[PDB]
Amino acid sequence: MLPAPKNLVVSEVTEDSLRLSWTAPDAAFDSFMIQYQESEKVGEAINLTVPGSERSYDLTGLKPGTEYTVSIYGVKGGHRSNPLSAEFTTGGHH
């Protein structure tokens, strides 16, 4: 498949939000797909798209002390890359 984005990380962690960042070559993708869901849930995944020029995304509307499974894939004119996944946890108590 297409080469996946690399090194998904998190910063600016709050009780209800997270900044996601990743790496990818310039002009590789026209967009990225971002999927996230509480790690223990199924069938409740939320999907977002961002422009291919982006390397960070501010995720909001989250719950405190909650672990989220986040995956991103790169898309170039329709075809998607391998997924890149991580488990990030918000601050506070569950």
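From 1 onward, residues are counted along the sequence shown.
- Stretches compared: 8-16, 81-89. Higher mean C-alpha B-factor in the entry: 81-89.
- 25-33 and 65-73 differ in mean CA B-factor, and the higher of the two is recorded for 25-33.
- When the modelled residues of the chain are ordered by their C-alpha B factor, residue 53 lands in the highest third.
- Ranked by C-alpha B-factor against the other modelled residues of its chain, residue 46 falls in the middle third.
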